[PDB]
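> Compute the structure for the input listed below.
(chains A and B)
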Amino acid sequence: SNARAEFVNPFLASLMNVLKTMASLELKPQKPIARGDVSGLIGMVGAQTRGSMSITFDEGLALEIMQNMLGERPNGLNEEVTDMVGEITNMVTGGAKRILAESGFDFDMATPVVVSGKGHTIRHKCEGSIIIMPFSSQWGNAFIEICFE
Amino acid sequence: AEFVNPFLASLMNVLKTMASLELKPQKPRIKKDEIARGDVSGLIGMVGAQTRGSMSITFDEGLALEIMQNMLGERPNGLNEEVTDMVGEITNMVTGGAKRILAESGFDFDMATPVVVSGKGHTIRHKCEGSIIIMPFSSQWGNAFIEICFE
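Residues are numbered from 1 along each chain as shown, chains lettered A, B, ... in the order given. Sure, the structure comes next:
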């Protein structure tokens, strides 16, 4: 079913904003196999639609965000890193919610879930268009997946 | 804690009726520092007027393949797109059943869309303000666990 608004752009802008704001780090948007090491996933429910969003990061990239965002700097994944990915997922979703409210595209957010595992893969099971948008940095890559019915 | 039994009963009833497979439930408990790993997980968010939260079902590969063989009559090669589709439908059916039971107790919520994660030995960590409850399960084909958090 066609969306009543282009819901991808606000998630892309919010992710770049949140990482520049909270971690002084800039991601380069890329041209849109897909795997990562730590992912933040959140469900969304609205009147005219329901869906989910995920942000997947390479370990190297998550660690650099950790170093710049909190000062904690472990050599590998841990609870600290997952808490950070969880809060980033909430902030990105919140930023996109505020932008999409301008176009009458309203939704409420659930609570985030964080998955950790070298090279795990993600498959949104929504009956709608699945959009995958990759990002790169000198520390590793990330990708957002979004699907609304 | 009113949401614990409806979710636990729903996973056992979905697998017993739809895949003719019996899971052995261990006593649910507040998750702490305990190891909770699996190979394929279904994750879904829930939003109600006065509550919100998330649920995950994690399966060992052996158990997922056994469920798939029972629900289709042909054992899949590995955790292919057909296995992830099945984990998504199981996540929807378990949440749908819990939602119907909790609605009779005045606990109302709507579900988001399920997301399925694949990765040998991956871990799941819910981030919500309420208590994270883990419900372990066992079978000779492998283990599974439900994690749930409502705020």
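
> ok, for residue A:114, nearest residue in space, not its chain neighbours?
Nearest residue to residue A:114 in three dimensions, chain neighbours excluded: residue A:82, at 4.3 Å (Cβ to Cβ, 6 or more residues apart in numbering or on different chains). For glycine as for every other residue, the C-beta is placed from the backbone atoms N, C-alpha and C.

> Show me which positions of the host helix or strand of that neighbour end up buried.
Assigned by DSSP states H and E, residue A:82 belongs to helix A:79-101. By neighbour count on 16 or more other Cβ atoms under 10 Å in any protein chain shown, the buried set for helix A:79-101 is A:81-93, A:95-97, A:99-100.

> Is the closest residue to chain B within chain A bridged to anything, and to what?
Nearest residue of chain A to chain B, counting by Cβ to the nearest Cβ: residue A:43, 2.1 Å away. Beta-bridge pairing for residue A:43 (DSSP bridges): residue A:52.

> Next, work out how far apart it and residue A:31 are.
28 Å (Cβ to Cβ, to the nearest Å).

> more neighbours, the two?
Comparing residue A:43 with residue A:31 by other Cβ atoms under 10 Å in any protein chain shown, the one with more neighbours is residue A:43, at 32 against 5.

> check contacts around that one.
Residue A:43 is in contact with A:50-52, A:109-110, B:44-47, B:54, B:111-113, B:115, counting by Cβ atoms under 8 Å, 6 or more residues apart in numbering or on different chains.

> can you pull out the strands in chain A?
A:28-29, A:36-45, A:50-57, A:108-109, A:113-124, A:130-136, A:142-148 (DSSP state E).

> sorry, back to before: Provide a list of residues in contact with the residue nearest to residue A:114.
So residue A:82 contacts A:38, A:114, A:116, B:125, B:127 (Cβ under 8 Å, 6+ apart).

> And for residue A:35?
A:56, A:119-121.

> let's go with 10 Å and repeat that
By Cβ atoms under 10 Å, 6 or more residues apart in numbering or on different chains, residue A:35 lies in contact with A:56, A:58, A:117-122, A:141, A:143, B:118-119.

> Pick out the most distant pair among these.
Spatial extent of those (Cβ to Cβ) is set by the pair A:141 and B:118 at 18.7 Å.

> burial of residue A:70, as a residue count?
15.

> My guess is it contacts residue A:88. True?
No: using Cβ atoms under 10 Å, residue A:70 is not in contact with residue A:88, being 11.6 Å away.

> any residues in contact with both of these two?
By the contact definition Cβ under 10 Å, 6+ apart, residue A:70 and residue A:88 are jointly contacted by A:22-23.

> The spatially most central residue of chain A: what's its closest spatial neighbour, skipping adjacent residues?
Taking Cα atoms, centre = their mean, the centroid of chain A lies closest to residue A:55, which sits 2.8 Å from it. Closest residue to residue A:55 apart from its sequence neighbours, by Cβ to Cβ, 6+ apart: residue A:40 at 4.7 Å.

> what do you get for residue A:100?
Going by Cβ to Cβ, 6+ apart, residue A:100 has residue A:10 as its nearest residue, at 5.3 Å.

> what's the answer for residue A:58, then?
Here the residue nearest residue A:58, using Cβ to Cβ, 6+ apart, is residue A:140, at 3.1 Å.

> now do residue A:127
Leaving aside its sequence neighbours, residue A:127 sits nearest to residue A:149 (Cβ to Cβ, 6+ apart; 5.0 Å).

> wait, the residue nearest to the centre of chain A sits on residue A:134?
No: contact between residue A:55 and residue A:134 fails when scored by Cβ under 10 Å: they sit 11.6 Å apart.

> Quickly list what's touching both of the two.
In terms of Cβ under 10 Å, 6+ apart, residue A:55 and residue A:134 are both contacted by the residues A:142-144.

> out of these, which is most surrounded?
residue A:142 (24 neighbours).

> Report the contact partners of residue A:101.
Residue A:101 is in contact with A:10, A:107, counting by Cβ under 10 Å, 6+ apart.

> Figure out how far stretch A:94-114 is from the centre of its chain.
12 Å (Cα atoms, centre = their mean, to the nearest Å).

> which residues sit in contact with the residue nearest to residue A:127?
A:1, A:3, A:48-51, A:126-129, B:112-113.

> Just the buried ones out of these, please.
A:3, A:49-51, A:126, A:128, B:112-113.

> ok, for residue A:32, nearest residue in space, not its chain neighbours?
Nearest residue to residue A:32 in three dimensions, chain neighbours excluded: residue A:133, at 5.3 Å (Cβ to Cβ, 6+ apart).
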